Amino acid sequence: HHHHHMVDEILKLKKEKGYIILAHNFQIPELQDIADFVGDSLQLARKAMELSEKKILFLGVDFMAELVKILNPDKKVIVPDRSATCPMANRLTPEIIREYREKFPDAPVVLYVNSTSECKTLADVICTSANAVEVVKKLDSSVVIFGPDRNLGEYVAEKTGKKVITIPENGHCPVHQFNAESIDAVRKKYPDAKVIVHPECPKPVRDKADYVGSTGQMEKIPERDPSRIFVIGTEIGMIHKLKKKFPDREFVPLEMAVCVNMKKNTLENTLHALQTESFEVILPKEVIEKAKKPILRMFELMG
């Protein structure tokens, strides 16, 4: 295989230098295939809680690399491309959060994991798409401040009956902005297929789906649903993951949807990363000390 030179050298260096390689589900198939662990934000966060290796190569976007570092402040965490980020997250700021606490006095601030680590220092609790409902239901408030994703916030409201105030204005993931007509069309084409979409999708999309959940949840659906065909409303990287796990089923994208940031990592710069042992994720001590609290609290409010 023509990538064997990079694949072989990555595997050698990883072992030689004592790295574990963690990848997100939206990484290119070639990177998923060389990772030690591949999963969603929640699964990655969980894995980061119990991590033994001294050195971590993280393949995803910066806010999750920073979460991994916050949970392992004394381990070396590296990323191939330091610019790999979530633009959604970058629109929420400390000032907006402070504005909204002042405005809504006793509302806890629940932040999605794609949020800056500085914003995490100001959060009461962190969540991901699979635990947001449970976490919000455990809080002793019928109103919460939630960001930066409006769709997940609005989903949480529907599921909890709580009032959810979303910040910032129109915070959303461009990648999950599917149109509901794509479901109408795929119903005609494959009348027996099951449609699975992410909670970051717009309401009309979620409402027409058979299932709504995190990518981690999506991966488990075929364990209990015998459907030959699944239609997947999330980033294209998930198709590879699903088809690997369930070679016996068909996985059809709802639409082609690519996160440019998730695609910044390549075989070539991942190799470079292991050769140079760069770029290290470095955070101020203060930020680690403060942001760890809403992160640990997320796991406390699941189990």
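Residue numbers here begin at 1 and follow the sequence given. Whichever C-alpha set is largest while still superposing within 1.5 Å between the two forms counts as the rigid core.
With 21-29 and 289-297 as candidates, the stretch whose CA atoms show the greater average offset from this form in 4 other deposited structures of this protein after a core fit is 289-297. Of the two stretches examined, 232-240 and 44-52, the one with higher mean CA deviation in 4 other deposited structures of this protein after a rigid core fit is 44-52. 245-253 and 61-69 differ in mean CA B-factor, and the higher of the two is recorded for 245-253.
The mean Cα B-factor in the deposited entry runs higher for 178-186 than for the other of 70-78 and 178-186. You'll see in the entry that, of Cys119, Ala209, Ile221, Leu139, the Cα B factor peaks at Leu139. In the deposited coordinates, the residue among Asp225, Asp124, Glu200, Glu99 with the greatest CA B-factor is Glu99. The deposited CA B-factor of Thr276 belongs to the middle third of values across its chain. When all modelled residues of the chain are sorted by CA temperature factor, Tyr112 is found within the middle third.
When the modelled residues of the chain are ordered by their C-alpha B factor, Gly147 lands in the middle third. Among the modelled residues of the chain, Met49 sits in the highest third by CA temperature factor in this PDB entry.
Per the deposited record, the Cα B-factor of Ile20 falls in the lowest third when ranked against the other modelled residues of its chain.
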